[PDB]
>>> print(open('query-v8.txt').read())   # compact mmCIF, C-alpha atoms
# COMPACT_ATOMS: atom_id res chain seq x y z
CA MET A 4 -0.95 8.37 -12.97
CA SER A 5 -1.63 9.99 -9.58
CA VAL A 6 -4.09 8.85 -6.87
CA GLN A 7 -6.14 11.68 -5.30
CA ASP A 8 -7.60 12.35 -1.85
CA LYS A 9 -11.20 13.42 -1.03
CA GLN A 10 -10.31 16.97 -2.08
CA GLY A 11 -8.95 15.93 -5.47
CA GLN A 12 -5.33 16.44 -4.40
CA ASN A 13 -2.52 14.19 -5.64
CA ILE A 14 -1.18 12.00 -2.83
CA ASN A 15 2.59 11.52 -2.62
CA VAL A 16 4.73 9.12 -0.62
CA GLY A 17 5.82 10.97 2.55
CA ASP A 18 2.67 13.12 2.76
CA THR A 19 0.66 13.26 5.96
CA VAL A 20 -2.79 11.72 5.43
CA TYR A 21 -5.79 11.74 7.78
CA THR A 22 -9.01 9.82 8.22
CA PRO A 23 -11.44 10.17 11.15
CA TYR A 24 -13.63 7.56 12.75
CA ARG A 25 -16.06 7.68 15.69
CA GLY A 26 -13.66 7.72 18.65
CA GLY A 27 -10.35 8.58 16.97
CA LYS A 28 -8.35 9.16 13.84
CA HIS A 29 -5.63 7.60 11.74
CA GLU A 30 -3.01 10.17 10.78
CA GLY A 31 0.54 9.52 9.50
CA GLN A 32 2.90 9.59 6.56
CA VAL A 33 2.27 7.70 3.34
CA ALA A 34 4.70 4.77 2.87
CA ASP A 35 3.25 3.41 -0.35
CA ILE A 36 0.43 3.78 -2.84
CA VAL A 37 -0.81 0.48 -4.26
CA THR A 38 -2.68 0.70 -7.58
CA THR A 39 -2.84 -2.79 -9.09
CA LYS A 40 -4.42 -6.06 -7.99
CA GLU A 41 -0.98 -7.74 -8.21
CA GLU A 42 0.76 -5.18 -6.00
CA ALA A 43 -2.17 -5.35 -3.57
CA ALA A 44 -1.78 -9.11 -3.36
CA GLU A 45 1.98 -8.80 -2.78
CA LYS A 46 1.45 -6.24 0.02
CA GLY A 47 -1.33 -8.32 1.64
CA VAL A 48 -4.10 -5.77 1.07
CA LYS A 49 -7.33 -5.82 -0.94
CA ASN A 50 -9.25 -3.61 -3.35
CA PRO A 51 -6.79 -1.12 -4.84
CA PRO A 52 -6.21 1.72 -4.82
CA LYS A 53 -4.89 1.65 -1.25
CA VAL A 54 -2.77 4.20 0.58
CA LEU A 55 -0.45 2.47 3.07
CA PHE A 56 0.63 4.54 6.09
CA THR A 57 1.58 4.14 9.73
CA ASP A 58 -0.68 6.05 12.09
CA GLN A 59 0.04 8.04 15.26
CA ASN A 60 -0.22 4.87 17.36
CA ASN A 61 2.28 3.03 15.15
CA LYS A 62 -0.44 0.96 13.45
CA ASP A 63 0.04 0.04 9.78
CA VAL A 64 -3.15 1.10 7.97
CA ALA A 65 -4.28 0.47 4.38
CA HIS A 66 -6.97 2.96 3.37
CA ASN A 67 -8.82 3.98 0.23
CA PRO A 68 -7.54 7.34 -1.09
CA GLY A 69 -10.89 8.92 -1.92
CA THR A 70 -12.05 9.10 1.70
CA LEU A 71 -8.92 10.42 3.29
CA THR A 72 -7.42 13.90 3.38
CA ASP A 73 -3.82 14.69 2.43
CA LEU A 74 -2.98 17.32 5.06
CA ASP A 75 0.09 18.42 3.13
CA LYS A 76 -2.06 19.48 0.15
CA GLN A 77 -4.47 21.56 2.26
CA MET B 4 -17.49 -17.79 20.14
CA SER B 5 -13.86 -18.61 19.25
CA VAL B 6 -12.11 -17.57 16.01
CA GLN B 7 -11.49 -20.44 13.54
CA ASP B 8 -9.56 -21.10 10.34
CA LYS B 9 -10.93 -22.59 7.11
CA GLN B 10 -10.66 -26.09 8.65
CA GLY B 11 -12.66 -25.07 11.72
CA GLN B 12 -9.61 -25.03 13.99
CA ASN B 13 -9.45 -22.49 16.83
CA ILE B 14 -6.69 -19.98 16.13
CA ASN B 15 -4.33 -18.85 18.91
CA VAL B 16 -1.95 -15.90 19.11
CA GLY B 17 1.46 -17.18 18.01
CA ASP B 18 0.09 -19.77 15.55
CA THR B 19 1.47 -19.70 12.03
CA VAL B 20 -1.29 -18.80 9.58
CA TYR B 21 -1.11 -19.08 5.80
CA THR B 22 -2.90 -17.73 2.76
CA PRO B 23 -1.76 -18.20 -0.84
CA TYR B 24 -2.14 -15.75 -3.75
CA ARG B 25 -1.17 -15.86 -7.41
CA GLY B 26 2.57 -15.47 -7.26
CA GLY B 27 3.25 -15.91 -3.55
CA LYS B 28 1.96 -16.40 -0.03
CA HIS B 29 1.45 -14.60 3.24
CA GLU B 30 2.62 -16.73 6.13
CA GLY B 31 3.47 -15.68 9.70
CA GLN B 32 2.53 -15.89 13.35
CA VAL B 33 -0.72 -14.43 14.62
CA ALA B 34 0.02 -11.29 16.68
CA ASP B 35 -3.55 -10.29 17.52
CA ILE B 36 -7.10 -11.53 17.05
CA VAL B 37 -9.52 -8.63 16.60
CA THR B 38 -13.14 -9.46 17.40
CA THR B 39 -14.60 -6.13 18.55
CA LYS B 40 -15.68 -3.09 16.54
CA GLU B 41 -13.72 -0.93 19.03
CA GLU B 42 -10.41 -2.71 18.44
CA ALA B 43 -10.97 -2.97 14.66
CA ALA B 44 -11.28 0.82 14.50
CA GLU B 45 -8.29 1.38 16.78
CA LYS B 46 -6.18 -0.89 14.56
CA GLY B 47 -7.48 0.62 11.30
CA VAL B 48 -9.11 -2.57 10.06
CA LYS B 49 -12.73 -3.41 9.14
CA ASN B 50 -15.22 -6.23 9.68
CA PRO B 51 -14.10 -8.32 12.67
CA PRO B 52 -13.09 -11.04 13.13
CA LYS B 53 -9.65 -10.31 11.71
CA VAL B 54 -6.36 -11.99 12.46
CA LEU B 55 -3.35 -9.73 12.35
CA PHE B 56 0.08 -11.11 11.46
CA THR B 57 3.36 -10.03 9.93
CA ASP B 58 4.27 -12.14 6.94
CA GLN B 59 7.63 -13.58 5.85
CA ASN B 60 8.46 -10.28 4.07
CA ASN B 61 7.55 -8.03 7.01
CA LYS B 62 4.15 -7.00 5.58
CA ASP B 63 1.48 -6.43 8.24
CA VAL B 64 -1.54 -8.40 7.07
CA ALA B 65 -5.11 -8.32 8.40
CA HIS B 66 -7.13 -11.27 7.18
CA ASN B 67 -10.43 -12.98 7.68
CA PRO B 68 -9.65 -16.05 9.86
CA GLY B 69 -12.16 -18.24 8.08
CA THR B 70 -10.45 -17.89 4.73
CA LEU B 71 -6.94 -18.84 5.82
CA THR B 72 -5.20 -21.94 7.27
CA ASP B 73 -3.67 -22.29 10.69
CA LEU B 74 -0.59 -24.37 9.91
CA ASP B 75 0.15 -25.06 13.57
CA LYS B 76 -3.30 -26.63 14.04
CA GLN B 77 -3.11 -29.08 11.13
>>> encode(input="query-v8.txt", output="structure tokens")
Amino acid sequence: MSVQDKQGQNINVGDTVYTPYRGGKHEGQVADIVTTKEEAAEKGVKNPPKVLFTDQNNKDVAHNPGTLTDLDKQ
Amino acid sequence: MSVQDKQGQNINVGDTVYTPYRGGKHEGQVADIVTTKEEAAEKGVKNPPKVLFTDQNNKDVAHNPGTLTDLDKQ
């Protein structure tokens, strides 16, 4: 089933997601949603679920869904 | 302090690093060594030190240096 953001909204591939940190943000479009330990291992990430997206500085980020915001579902 | 692999070898940018998982591996050349909180946040990773590399399937991996092997330094 679906993975949800910090506002309970289903996250889809291609959606713009956002997470802030002290000094900046990571914002960009979802490329993949990883939900099993095996898929996480294959994609080189840890602790699913992970939302994989490229941010505004062209950095590939893997982030937990429950602490980001899907801007397209706001 | 330098950044070292699981065999205590200093890792350099460009070195092939390797980590196995059940069903595959992640192997590729180090592109960046992240040691500061500032750079970790900019690159969307946690808990420096991290070594950043693209694996043989074009997955961008961020990994603890001390839990992988620097193949070029064997």
>>> calpha_fit_rmsd(input="query-v8.txt", fixed="chain A", moving="chain B")
0.6 Å
>>> closest_residue(input="query-v8.txt", among="A:55, A:8, A:24, A:38", to="chain B", atoms="only C-alpha atoms")
A:24
>>> closest_atom_pairs(input="query-v8.txt", of="chain A", to="chain B", cutoff="8 Å", atoms="only C-alpha atoms", output="CSV")
residue,atom,partner,partner_atom,distance
A:24,CA,B:44,CA,7.3
A:27,CA,B:45,CA,7.5
A:29,CA,B:47,CA,7.2
A:44,CA,B:24,CA,6.7
A:45,CA,B:27,CA,7.3
A:46,CA,B:62,CA,6.2
A:47,CA,B:64,CA,5.4
A:48,CA,B:64,CA,7.0
A:62,CA,B:46,CA,6.1
A:63,CA,B:63,CA,6.8
A:64,CA,B:47,CA,5.5
A:65,CA,B:47,CA,7.6
>>> closest_residue(input="query-v8.txt", among="B:42, B:35, B:30, B:59", to="residue 14 of chain B", atoms="all atoms listed in the file")
B:35
>>> residues_around(input="query-v8.txt", residues="residue 16 of chain A", least_positions_apart="5", cutoff="9 Å", atoms="only C-alpha atoms", output="list in words")
residues 32, 33, 34, 35 and 36 of chain A
>>> atom_distance(input="query-v8.txt", atom1="atom CA of residue 18 of chain A", atom2="atom CA of residue 50 of chain A")
21.4 Å
>>> atom_distance(input="query-v8.txt", atom1="atom CA of residue 67 of chain B", atom2="atom CA of residue 6 of chain A")
27.0 Å
>>> axis_aligned_box(input="query-v8.txt", around="segment 22-36 of chain B", padding_each_side="3 Å", output="lines of an AutoDock Vina configuration file")
center_x = -1.8
center_y = -14.2
center_z = 5.1
size_x = 16.6
size_y = 13.9
size_z = 30.9
>>> atom_distance(input="query-v8.txt", atom1="atom CA of residue 77 of chain A", atom2="atom CA of residue 31 of chain A")
14.9 Å
>>> closest_residue(input="query-v8.txt", among="B:75, B:11, B:68, B:39", to="residue 54 of chain B", atoms="only C-alpha atoms")
B:68
>>> decode(input="query-v8.txt", residues="segment 36-71 of chain A", atoms="N, CA and C atoms", output="mmCIF file, in the first residue's frame")
data_model
loop_
_atom_site.group_PDB
_atom_site.id
_atom_site.type_symbol
_atom_site.label_atom_id
_atom_site.label_comp_id
_atom_site.auth_asym_id
_atom_site.auth_seq_id
_atom_site.Cartn_x
_atom_site.Cartn_y
_atom_site.Cartn_z
ATOM 1 N N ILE A 36 10.153 4.958 -4.267
ATOM 2 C CA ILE A 36 9.731 4.740 -2.900
ATOM 3 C C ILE A 36 10.090 3.296 -2.583
ATOM 4 N N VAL A 37 10.995 3.129 -1.634
ATOM 5 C CA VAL A 37 11.544 1.833 -1.268
ATOM 6 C C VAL A 37 10.858 1.361 0.013
ATOM 7 N N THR A 38 10.271 0.163 -0.010
ATOM 8 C CA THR A 38 9.464 -0.277 1.142
ATOM 9 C C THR A 38 9.840 -1.624 1.736
ATOM 10 N N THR A 39 10.846 -2.292 1.184
ATOM 11 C CA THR A 39 11.295 -3.555 1.745
ATOM 12 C C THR A 39 12.786 -3.503 2.032
ATOM 13 N N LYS A 40 13.227 -4.360 2.951
ATOM 14 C CA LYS A 40 14.648 -4.449 3.277
ATOM 15 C C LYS A 40 15.461 -4.855 2.049
ATOM 16 N N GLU A 41 14.907 -5.751 1.225
ATOM 17 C CA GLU A 41 15.602 -6.234 0.022
ATOM 18 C C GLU A 41 15.767 -5.130 -1.030
ATOM 19 N N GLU A 42 14.716 -4.360 -1.275
ATOM 20 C CA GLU A 42 14.819 -3.250 -2.209
ATOM 21 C C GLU A 42 15.762 -2.175 -1.675
ATOM 22 N N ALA A 43 15.737 -1.953 -0.366
ATOM 23 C CA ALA A 43 16.642 -0.987 0.246
ATOM 24 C C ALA A 43 18.093 -1.399 0.025
ATOM 25 N N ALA A 44 18.371 -2.681 0.237
ATOM 26 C CA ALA A 44 19.706 -3.203 0.019
ATOM 27 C C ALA A 44 20.136 -3.020 -1.437
ATOM 28 N N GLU A 45 19.257 -3.363 -2.372
ATOM 29 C CA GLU A 45 19.563 -3.205 -3.790
ATOM 30 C C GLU A 45 19.863 -1.747 -4.184
ATOM 31 N N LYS A 46 19.151 -0.802 -3.573
ATOM 32 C CA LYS A 46 19.302 0.616 -3.893
ATOM 33 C C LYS A 46 20.353 1.308 -3.020
ATOM 34 N N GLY A 47 21.029 0.537 -2.170
ATOM 35 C CA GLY A 47 22.115 1.055 -1.342
ATOM 36 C C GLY A 47 21.707 1.973 -0.210
ATOM 37 N N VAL A 48 20.463 1.844 0.244
ATOM 38 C CA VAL A 48 19.953 2.656 1.349
ATOM 39 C C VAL A 48 19.590 1.755 2.520
ATOM 40 N N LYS A 49 19.259 2.363 3.654
ATOM 41 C CA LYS A 49 18.980 1.624 4.885
ATOM 42 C C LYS A 49 17.645 2.046 5.455
ATOM 43 N N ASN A 50 17.065 1.154 6.252
ATOM 44 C CA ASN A 50 15.900 1.452 7.078
ATOM 45 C C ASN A 50 14.698 1.948 6.253
ATOM 46 N N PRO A 51 14.091 1.048 5.475
ATOM 47 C CA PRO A 51 12.850 1.419 4.792
ATOM 48 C C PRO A 51 11.722 1.677 5.797
ATOM 49 N N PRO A 52 10.719 2.469 5.403
ATOM 50 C CA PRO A 52 10.588 3.081 4.075
ATOM 51 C C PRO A 52 11.514 4.273 3.831
ATOM 52 N N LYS A 53 11.951 4.402 2.580
ATOM 53 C CA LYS A 53 12.740 5.558 2.156
ATOM 54 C C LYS A 53 12.171 6.129 0.873
ATOM 55 N N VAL A 54 12.112 7.454 0.812
ATOM 56 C CA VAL A 54 11.714 8.180 -0.383
ATOM 57 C C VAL A 54 13.019 8.648 -1.030
ATOM 58 N N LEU A 55 13.237 8.253 -2.282
ATOM 59 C CA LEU A 55 14.440 8.641 -3.013
ATOM 60 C C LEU A 55 14.086 9.776 -3.959
ATOM 61 N N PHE A 56 14.797 10.895 -3.833
ATOM 62 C CA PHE A 56 14.589 12.050 -4.712
ATOM 63 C C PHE A 56 15.877 12.813 -4.933
ATOM 64 N N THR A 57 15.926 13.581 -6.020
ATOM 65 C CA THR A 57 17.063 14.450 -6.265
ATOM 66 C C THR A 57 16.682 15.860 -5.866
ATOM 67 N N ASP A 58 17.518 16.508 -5.049
ATOM 68 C CA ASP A 58 17.163 17.827 -4.552
ATOM 69 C C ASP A 58 17.536 18.949 -5.522
ATOM 70 N N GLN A 59 17.323 20.185 -5.077
ATOM 71 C CA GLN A 59 17.492 21.375 -5.924
ATOM 72 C C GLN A 59 18.954 21.659 -6.265
ATOM 73 N N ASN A 60 19.876 20.971 -5.580
ATOM 74 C CA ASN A 60 21.294 21.088 -5.878
ATOM 75 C C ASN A 60 21.808 19.830 -6.579
ATOM 76 N N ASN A 61 20.880 19.056 -7.141
ATOM 77 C CA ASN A 61 21.214 17.824 -7.852
ATOM 78 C C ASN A 61 21.867 16.767 -6.962
ATOM 79 N N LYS A 62 21.494 16.749 -5.675
ATOM 80 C CA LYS A 62 21.993 15.706 -4.765
ATOM 81 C C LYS A 62 20.937 14.614 -4.625
ATOM 82 N N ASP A 63 21.353 13.352 -4.760
ATOM 83 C CA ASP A 63 20.427 12.231 -4.553
ATOM 84 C C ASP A 63 20.291 12.012 -3.056
ATOM 85 N N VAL A 64 19.054 12.128 -2.573
ATOM 86 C CA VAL A 64 18.710 12.035 -1.145
ATOM 87 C C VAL A 64 17.796 10.827 -0.915
ATOM 88 N N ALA A 65 18.000 10.130 0.199
ATOM 89 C CA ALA A 65 17.083 9.073 0.626
ATOM 90 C C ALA A 65 16.551 9.478 1.993
ATOM 91 N N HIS A 66 15.240 9.702 2.093
ATOM 92 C CA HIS A 66 14.682 10.279 3.319
ATOM 93 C C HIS A 66 13.449 9.525 3.795
ATOM 94 N N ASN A 67 13.295 9.402 5.108
ATOM 95 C CA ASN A 67 12.084 8.803 5.640
ATOM 96 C C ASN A 67 10.841 9.603 5.224
ATOM 97 N N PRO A 68 9.728 8.914 4.948
ATOM 98 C CA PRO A 68 8.540 9.630 4.442
ATOM 99 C C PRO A 68 7.830 10.443 5.506
ATOM 100 N N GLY A 69 7.859 9.962 6.742
ATOM 101 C CA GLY A 69 7.025 10.533 7.797
ATOM 102 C C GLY A 69 7.481 11.874 8.322
ATOM 103 N N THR A 70 8.638 12.337 7.863
ATOM 104 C CA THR A 70 9.172 13.629 8.291
ATOM 105 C C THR A 70 9.411 14.532 7.092
ATOM 106 N N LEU A 71 8.857 14.172 5.948
ATOM 107 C CA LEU A 71 8.897 15.132 4.868
ATOM 108 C C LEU A 71 7.495 15.552 4.479
#
